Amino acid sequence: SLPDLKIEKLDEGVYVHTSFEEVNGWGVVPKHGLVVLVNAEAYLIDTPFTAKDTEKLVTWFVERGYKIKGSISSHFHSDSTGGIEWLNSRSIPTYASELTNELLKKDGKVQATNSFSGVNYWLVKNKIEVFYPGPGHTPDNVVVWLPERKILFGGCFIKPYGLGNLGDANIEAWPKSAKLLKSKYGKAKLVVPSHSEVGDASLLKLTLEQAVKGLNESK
């Protein structure tokens, strides 16, 4: 029924994986994550929704010679974490913030095997950075920065045309978090949202506008 998992080169050593779900009320929702190649190793930036799509994604790269060295989930929702259970089962290291794992635990979900905390975290020193801007889409949302190509993966926090599911959002904090993200990452060449097309740094401004507007609307 749905379109198939898509894998497409974004930049040198950077691929976008897109998986799909049909959500009641929203229609067909694409979900973007990244695969980042460092030498002969691959790192997943968010998992697809399902174990099946995660297995497809991993084997696409294995079959091309890359070893999967780990995955990082940008927040606790299943469009970022759905694949952790399968990855653990393959002894592929999974990473999430401490806050994300606590939210998984509390949601009754399997957690990543490695956790980190703090505002900045190197998944791979000088190549794959994780940054916590503050709460917005969810309390735990982090973003991932790739310094060489200046690519920002913004996950479900980057929401340039509407905020999406607010079930777990903190709309009071989201404009401060987004303003912080915009100042820190305005030099990004590419910004990759979870659910909308890749754009440039202006997606950070659009997200701040959507956050402010959403705060104002709620009064």
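The first residue of the shown sequence is 1; numbering continues from there. In this text, the rigid core denotes the largest set of C-alpha atoms whose superposition between the two forms falls within 1.5 Å.
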RMS over structures and residues, CA atoms, rigid core fit in 4 other deposited structures of this protein: 25 to 33 vs 60 to 68, larger is 25 to 33
After a core fit, does 16 to 24 or 193 to 201 show the bigger CA gap to the shown form in 4 other deposited structures of this protein? 16 to 24
Higher avg CA temperature factor (37 to 45 vs 156 to 164, as deposited) belongs to 37 to 45
Higher avg CA temperature factor (181 to 189 vs 25 to 33, as deposited) belongs to 181 to 189
For residue 174, the third of its chain into which the C-alpha B factor falls: lowest
Just say lowest, middle or highest third for the CA B-factor of residue 123 relative to the other modelled residues in its chain. middle
By the recorded C-alpha temperature factor, relative to the other modelled residues in its chain, which third is residue 197 in? lowest
Could you place residue 93 in the lowest, middle or highest third of its chain by Cα temperature factor, using the values in the record? middle
Please rank the C-alpha B-factors of the chain's modelled residues and tell me whether residue 82 sits in the lowest, middle or highest third. lowest
